[PDB]
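Step one of this worksheet: look at the structure below.
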Amino acid sequence: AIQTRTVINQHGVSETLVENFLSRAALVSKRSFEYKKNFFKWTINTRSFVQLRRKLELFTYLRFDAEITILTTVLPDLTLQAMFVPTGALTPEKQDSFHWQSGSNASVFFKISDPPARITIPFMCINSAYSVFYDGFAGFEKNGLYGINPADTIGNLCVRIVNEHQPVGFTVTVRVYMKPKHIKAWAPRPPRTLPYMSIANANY
Amino acid sequence: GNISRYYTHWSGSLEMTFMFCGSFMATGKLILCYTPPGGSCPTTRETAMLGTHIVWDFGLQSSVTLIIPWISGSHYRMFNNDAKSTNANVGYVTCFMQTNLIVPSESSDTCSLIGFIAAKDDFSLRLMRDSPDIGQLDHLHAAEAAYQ
Amino acid sequence: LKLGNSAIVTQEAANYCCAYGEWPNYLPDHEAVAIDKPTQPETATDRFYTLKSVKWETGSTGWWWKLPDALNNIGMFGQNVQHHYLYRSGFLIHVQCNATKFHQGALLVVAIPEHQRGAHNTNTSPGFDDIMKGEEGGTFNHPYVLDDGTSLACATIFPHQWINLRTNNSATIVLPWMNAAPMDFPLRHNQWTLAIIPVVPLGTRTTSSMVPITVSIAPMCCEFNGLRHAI
Amino acid sequence: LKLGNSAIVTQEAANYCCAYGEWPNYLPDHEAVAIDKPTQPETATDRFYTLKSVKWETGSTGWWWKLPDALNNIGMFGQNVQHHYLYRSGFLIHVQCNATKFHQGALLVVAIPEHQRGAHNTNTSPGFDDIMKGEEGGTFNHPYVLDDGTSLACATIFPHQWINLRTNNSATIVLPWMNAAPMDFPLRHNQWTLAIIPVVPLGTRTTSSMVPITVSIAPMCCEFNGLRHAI
């Protein structure tokens with residue numbers, strides 16, 4: 001209930017640049033699973049949290065890179081794998097599937113006593129920029145999901161316990177972080193104020 | 001009012017604009033009076049003229065330009081608890097009726113006003129935070145797609 | 001007219017018709033009287049003190065004001081009348097009305113110096129309340145004779161412009177300092193007398209067309225006596 | 001000191017001891033805040049606003065004032081506190097007493113910035129009336145500790161002069177702008193704290209020697225926010 005003021009002298013302009021307007025590396029997914037479906041698969045869609053969804057939808061087209069950092073909390077020497085799978089190749093469905101043994105996709109291997117892993121993914125959209133809002137139809141026949149671009153796909157990561165079935169049981173918690181770099185945006189758009197109702201489209 | 005919610009401290013000058021949309025035969029004078037951030041809002045027409053006031057009619061120009069000299073602001077978390085200290089009251093932009101409306105016997109006897117706003121090139125921002133504009137969460141229909 | 005604090009915008013420029021030929025001129029070369037260091041504030045007076053809007057019906061007969069009288073109550077110039085007793089100032093008058101193209105009528109803005117009034121059919125001088133009206137101004141009871149026996153038919157000898165509702169809706173008259181003495185007293189003397197006189201009344205299909213008329217006054221180059229001194 | 005309207009005459013010149021090294025300097029090169037066209041009146045503030053005469057008996061214990069507080073009520077600077085909210089000003093302090101050659105005693109003029117007060121033997125912060133005294137000023141209850149636990153024996157770190165009744169009867173201290181922010185608010189902040197402290201009490205053959213002490217304050221180079229604007 002106290003109303004005060006302060007005179008403010010400023011000269012900074014480069015604080016509001018778009019490159020460090022989006023370099024904050026917020027969290028994008030938090031899910032735990034067990035092992036005694038014994039893994040974790042997650043599409044790399046971006047509109048999962050409303051703190052990041054509204055902040056991203058100010059623009060029309062943009063172009064950046066991933067900088068994915070997986071943080072793991074959960075024991076004798078747990079080794080984990082995060083096999084990236086892009087489009088064109090198939091996704092694993094069981095823990096000992098032969099898609100794990102495939103070399104044609106990228107993979108990491110890391111412990112728990114180590115600091116958590118870090119990779120980055122370049123711009124893999126087949127257009128020149130990501131399409132945030134898609135004003136058309138993916139397909140020719142009438143029932144097409146209005147607002148899904150086939151160029152909007154990125155891939156999906158899969159997290160798996162490497163070790164043998166041990167006589168102890170445990171539960172692994174996985175968090176993902178994503179830091180955009182080298183930002184170039186176009187055509188600014190007004191924000192959405194009415195609350196979201198789904199993740200597939202804009203309804204209210 | 002939707003970009004500055006992300007930040008904490010703002011400072012700069014503004015620019016308000018009005019656009020009257022009456023008929024071509026319609027006339028009438030209005031008055032716009034500014035208020036310094038010290039005192040209170042004016043009440044009558046006479047007490048409002050003693051501030052920075054302008055006289056704007058209809059027949060010559062349907063547009064007008066007003067310059068706000070300076071604003072400021074912060075949020076001031078100063079207590080021990082989770083409290084919200086409201087910022088102080090700054091300025092008033094009022095509008096009184098100088099003359100009553102003159103219309104011919106053909107047109108409707110009702111007019112309209114629309115107010116614009118635009119910031120100048122001294123407007124600066126600092127200390128980006130999150131915005132409470134949406135809310136925490138609502139019920140999502142298809143909450144999980146990737147996981148399954 | 002972006003002058004000081006206010007700015008009456010969106011007006012036909014018309015003509016800054018000087019009254020006879022002159023300007024307020026700041027009164028130089030006077031040291032034999034008023035040696036009290038005149039303060040002469042300039043940027044603290046130029047506001048365009050506007051007046052109350054009036055209504056001009058069909059049977060209306062005009063209005064009148066007094067210029068040092070009507071500004072004693074309003075603003076920084078209203079305060080500077082008190083705690084001062086000598087001044088000198090030039091004025092600016094902006095008269096503007098508004099109507100449709102379907103009305104018709106004629107007005108006459110005129111300004112008279114030293115306009116001594118009078119009363120009808122008596123032998124008693126008018127009282128103090130019959131002169132000091134203030135902001136609102138008074139009303140002519142006999143406009144044809146100007147309440148002094150002088151004919152309105154010869155009243156174009158003064159500075160004047162013709163607001164004609166077919167052509168224009170504005171007028172602007174600049175008045176210099178018109179006084180015998182160089183400096184004067186506010187509370188007992190009024191130099192100019194602003195007055196408007198309808199000549200042709202209005203006319204339309206309905207009745208009671210208001211035609212609101214607005215007068216704005218602004219002092220050009222004022223000065224006062226001294227208030228601050230060394231010893 | 002013939003300054004503006006008033007002139008405190010017949011004073012020993014003494015020393016215009018600057019506080020640390022500086023002058024009010026009119027605050028240049030600031031355009032990122034307060035772009036409101038500061039008016040900065042200069043010749044309308046320099047008066048030497050004098051205060052109420054006090055009486056210094058034998059068992060007296062000193063007085064204190066607040067400089068933006070004590071001038072809120074008097075004069076053109078008293079009016080300019082209202083209808084304004086940003087300012088910046090430098091001060092001038094002239095402390096002068098008088099006695100015979102037969103009295104004896106010592107005084108200590110000292111000025112403290114940001115002098116946060118306190119209360120004795122409690123756990124409650126002082127109220128709003130325990131600070132905003134106004135013109136008359138307050139009284140020390142514990143002068144040895146300055147009502148904050150700081151020793152008077154180390155209190156010569158501030159700018160000070162020694163009024164010694166054997167030698168002189170005047171003192172003059174110039175204070176610059178001492179604030180974190182460039183401009184400030186009058187009604188909720190007081191930068192300096194003027195206070196006088198007796199060290200040696202008086203003594204004579206009789207009792208109740210008054211020794212009237214007079215303090216005069218004058219703002220040096222003040223400024224304010226904007227009040228008049230074009231559009």
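Residue names in the structure tokens use chain letters A, B, ... in the order shown, residue numbers from 1 in each chain, and ligand numbers from 1 in the order shown.
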When you look at region 216-221 of chain D with a cut-off of 7 Å (counting only C-alpha atoms), what residues show up, excluding the ones that are within fewer than 3 positions of it in the same chain? I need them as an NGL selection string. :D and (24 or 26 or 42 or 45-51 or 89-95)
Hey, which bits of chain A sit within 7 Å of chain B, and for each residue what's the closest pair of atoms and how far apart in Å (one decimal), counting only C-alpha atoms, rows by chain and increasing number, as CSV?
```
residue,atom,partner,partner_atom,distance
A:1,CA,B:85,CA,5.2
A:2,CA,B:85,CA,5.7
A:3,CA,B:88,CA,4.6
A:4,CA,B:88,CA,6.3
A:41,CA,B:147,CA,5.8
A:42,CA,B:146,CA,5.0
A:43,CA,B:146,CA,4.8
A:193,CA,B:134,CA,6.3
A:194,CA,B:134,CA,6.9
A:195,CA,B:134,CA,5.7
A:197,CA,B:140,CA,5.4
A:198,CA,B:140,CA,4.9
A:199,CA,B:142,CA,6.8
```
Just to be explicit: take each residue in the selection above, keep C-alpha atoms, and write the result as a PDB file, in the first residue's frame.
```pdb
ATOM      1  CA  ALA A   1       0.000   0.000   0.000  1.00  0.00           C
ATOM      2  CA  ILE A   2       3.134   2.140  -0.240  1.00  0.00           C
ATOM      3  CA  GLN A   3       3.510   4.248  -3.386  1.00  0.00           C
ATOM      4  CA  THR A   4       7.087   5.314  -4.156  1.00  0.00           C
ATOM      5  CA  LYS A  41       9.995 -41.086 -25.580  1.00  0.00           C
ATOM      6  CA  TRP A  42       9.166 -37.441 -26.242  1.00  0.00           C
ATOM      7  CA  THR A  43       8.461 -35.455 -29.399  1.00  0.00           C
ATOM      8  CA  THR A 193      -4.839 -12.999 -23.993  1.00  0.00           C
ATOM      9  CA  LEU A 194      -7.715 -15.474 -23.773  1.00  0.00           C
ATOM     10  CA  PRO A 195      -6.562 -18.772 -22.256  1.00  0.00           C
ATOM     11  CA  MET A 197      -7.837 -24.891 -24.194  1.00  0.00           C
ATOM     12  CA  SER A 198      -5.827 -27.448 -26.173  1.00  0.00           C
ATOM     13  CA  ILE A 199      -2.327 -28.035 -27.536  1.00  0.00           C
TER      14      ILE A 199
END
```
Up to 10 Å from chain A, what residues of chain D turn up? Count only C-alpha atoms and give them as a compact mmCIF listing (two decimals) with C-alpha atoms, in the first residue's frame.
```txt
# COMPACT_ATOMS: atom_id res chain seq x y z
CA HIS D 30 21.01 14.46 -17.57
CA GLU D 31 18.46 13.68 -20.28
CA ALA D 32 17.55 10.04 -19.57
CA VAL D 33 15.14 11.08 -16.79
CA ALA D 34 13.05 14.19 -15.98
CA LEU D 86 10.78 16.59 -8.07
CA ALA D 181 19.14 9.83 -6.85
CA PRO D 182 19.59 13.18 -8.65
CA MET D 183 16.11 14.46 -7.76
CA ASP D 184 13.95 13.70 -4.76
CA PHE D 185 10.58 14.10 -3.00
CA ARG D 188 8.87 11.87 2.60
```
Define the interface residues of chain D facing chain B as those within 8 Å, counting only C-alpha atoms, and report them as number ranges by chain. D: 33-36, 83-85, 227-231
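Considering the residues D:226, D:65, D:21, D:71 and counting only C-alpha atoms, chain C has its shortest atom-to-atom contact with D:226.
Among A:101, A:14, A:72, A:23, the residue with the shortest atom-to-atom distance to residue 174 (chain A), counting only C-alpha atoms, is A:72.
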Can you pull out every residue within 9 Å of region 73-77 of chain C, counting only C-alpha atoms, but drop anything in the same chain fewer than 3 positions away, and send it as an mmCIF file with N, CA, C and O atoms, in the first residue's frame?
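Saved as part32.cif:
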```cif
data_model
loop_
_atom_site.group_PDB
_atom_site.id
_atom_site.type_symbol
_atom_site.label_atom_id
_atom_site.label_comp_id
_atom_site.auth_asym_id
_atom_site.auth_seq_id
_atom_site.Cartn_x
_atom_site.Cartn_y
_atom_site.Cartn_z
ATOM 1 N N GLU B 46 -13.909 24.461 -15.708
ATOM 2 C CA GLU B 46 -13.085 25.628 -15.411
ATOM 3 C C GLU B 46 -11.794 25.241 -14.702
ATOM 4 O O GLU B 46 -10.722 25.767 -15.023
ATOM 5 N N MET B 49 -8.964 23.798 -17.063
ATOM 6 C CA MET B 49 -8.288 24.677 -18.008
ATOM 7 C C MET B 49 -6.968 25.211 -17.462
ATOM 8 O O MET B 49 -6.068 25.535 -18.247
ATOM 9 N N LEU B 50 -6.807 25.262 -16.138
ATOM 10 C CA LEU B 50 -5.606 25.816 -15.526
ATOM 11 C C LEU B 50 -4.371 24.949 -15.709
ATOM 12 O O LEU B 50 -3.260 25.428 -15.467
ATOM 13 N N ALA C 44 4.704 33.121 -18.345
ATOM 14 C CA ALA C 44 3.804 32.677 -17.291
ATOM 15 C C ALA C 44 2.399 33.241 -17.445
ATOM 16 O O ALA C 44 1.595 33.138 -16.514
ATOM 17 N N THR C 45 2.092 33.829 -18.583
ATOM 18 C CA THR C 45 0.802 34.469 -18.817
ATOM 19 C C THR C 45 0.252 33.882 -20.111
ATOM 20 O O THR C 45 -0.966 33.742 -20.247
ATOM 21 N N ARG C 47 -1.556 31.785 -21.949
ATOM 22 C CA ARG C 47 -2.392 30.592 -21.952
ATOM 23 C C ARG C 47 -3.676 30.534 -22.806
ATOM 24 O O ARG C 47 -4.130 29.437 -23.131
ATOM 25 N N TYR C 49 -6.818 32.085 -22.015
ATOM 26 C CA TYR C 49 -7.906 31.915 -21.057
ATOM 27 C C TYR C 49 -9.239 31.939 -21.795
ATOM 28 O O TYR C 49 -9.652 32.981 -22.312
ATOM 29 N N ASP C 69 -11.549 43.306 -16.433
ATOM 30 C CA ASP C 69 -12.482 42.832 -15.420
ATOM 31 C C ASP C 69 -12.646 41.320 -15.481
ATOM 32 O O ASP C 69 -12.638 40.646 -14.446
ATOM 33 N N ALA C 70 -12.797 40.770 -16.688
ATOM 34 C CA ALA C 70 -13.160 39.367 -16.833
ATOM 35 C C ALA C 70 -12.023 38.412 -16.511
ATOM 36 O O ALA C 70 -12.277 37.217 -16.334
ATOM 37 N N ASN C 80 -2.087 37.527 -10.349
ATOM 38 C CA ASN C 80 -1.191 38.672 -10.445
ATOM 39 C C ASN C 80 -1.919 40.007 -10.432
ATOM 40 O O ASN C 80 -1.256 41.046 -10.353
ATOM 41 N N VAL C 81 -3.249 40.011 -10.523
ATOM 42 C CA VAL C 81 -4.005 41.234 -10.283
ATOM 43 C C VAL C 81 -3.888 41.645 -8.822
ATOM 44 O O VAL C 81 -3.594 42.803 -8.505
ATOM 45 N N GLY C 134 -17.751 40.678 -14.334
ATOM 46 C CA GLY C 134 -16.798 39.600 -14.168
ATOM 47 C C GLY C 134 -16.629 38.772 -15.423
ATOM 48 O O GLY C 134 -16.519 39.317 -16.524
ATOM 49 N N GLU C 135 -16.624 37.449 -15.269
ATOM 50 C CA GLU C 135 -16.395 36.563 -16.402
ATOM 51 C C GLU C 135 -17.607 36.486 -17.322
ATOM 52 O O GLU C 135 -17.459 36.504 -18.548
ATOM 53 N N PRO C 219 -3.474 37.476 -23.074
ATOM 54 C CA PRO C 219 -2.627 38.675 -22.995
ATOM 55 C C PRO C 219 -1.318 38.458 -23.735
ATOM 56 O O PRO C 219 -0.672 37.423 -23.574
#
```
